[PDB]
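The chain below stands alone and is given in structure tokens; this is the form deposited in one PDB entry.
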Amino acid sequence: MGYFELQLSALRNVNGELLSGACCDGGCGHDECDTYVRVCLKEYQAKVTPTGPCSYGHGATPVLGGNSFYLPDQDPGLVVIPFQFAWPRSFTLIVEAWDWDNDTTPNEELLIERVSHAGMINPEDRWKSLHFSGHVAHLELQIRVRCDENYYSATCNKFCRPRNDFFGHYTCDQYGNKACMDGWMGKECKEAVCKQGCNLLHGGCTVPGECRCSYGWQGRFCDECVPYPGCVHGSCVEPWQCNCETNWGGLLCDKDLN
């Protein structure tokens, strides 16, 4: 999840001319072109065609000026095209200028200039400056790709939101990697580091620094086994044993054999 930004900085149509060779509204007069800009974003093309759908998204500006201008809480000279898919890095950018004419009709003949640029851009880079010269107009503009908050990587598809609750305990680093908080481990940082010395063959923990023993083991580090209940002069090696000392017998090692 991310967005593509284009910042228009300059545009010149000295003659007040459209691409078809007519005046917008001796020179071309004084009723100037009422200029606005469209941005088409589509797949990368070896040969860039004017036709084709904007399969990556599109945008437009309001009318910004007459024949020539620079720019300069909503910026009219900035086109933002959000996207959900993974950013493919390579792309075709088509930028068109238009005269608006106060007519509910879609008159295509009102096109001023069309420029294009096939290339590669990553979110890591910042504003790339692009200069264009057509038969009519000269454009100057910057472009940028940014990931939304908690999205990372060159595709803007790697997700990481910090979390400290029922499902995990971690922050995020520069590149979207989970950094487990003090006392947690595992790929999703939901697995706790038990206190040190805890034999984890027979121990476990829900909370960092804890170690409770499996059935049949005991002790602080859960490294000591549980003798058969009632065992007197006997000891344990594996749980539930009662191995007698010398001259002692019985199930509980309580019978004097001397």
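Rigid core (definition): largest C-alpha set, two forms, superposition within 1.5 Å. So that there is no doubt, residue numbering starts at 1 and follows the sequence shown. Only residues modelled in both forms are compared.
Deposited sequence between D25 and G26: 4 to 9 residues lack coordinates. Missing deposited residues between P72 and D73: 10 or more, all without coordinates in the entry. Look at the C-alpha B-factors of 98-106 and of 112-120. On average they run higher in 98-106. On average the C-alpha atoms of 29-37 have higher B-factors than those of the other stretch, with 51-59 and 29-37 being the two compared. The deposited CA B-factor of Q196 belongs to the highest third of values across its chain.
For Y215, the recorded CA B-factor ranks within the middle third of the chain. Only modelled residues enter the ranking.
In the PDB entry, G134 places in the highest third of its chain by CA B-factor. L251: CA B factor lies in the middle third for its chain, per the PDB record. When the modelled residues of the chain are ordered by their C-alpha B factor, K178 lands in the lowest third.
Below, we refer to the form deposited in another entry, which is not included among the displayed structures.
Once both forms are fitted on their core, a CA shift of 2 Å or more is seen for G186 between this form and the one not shown. The Cα position of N164 differs by 2 Å or more between this form and the one not shown after fitting on the rigid core. After superposing the rigid core, the Cα of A60 is displaced by less than 2 Å between this form and the one not shown.
Every Cα shifting by 2 Å or more, across three or more consecutive residues, marks a moved region; comparing between this form and the one not shown on the rigid core, these regions are 45-51, 162-171, 178-258.
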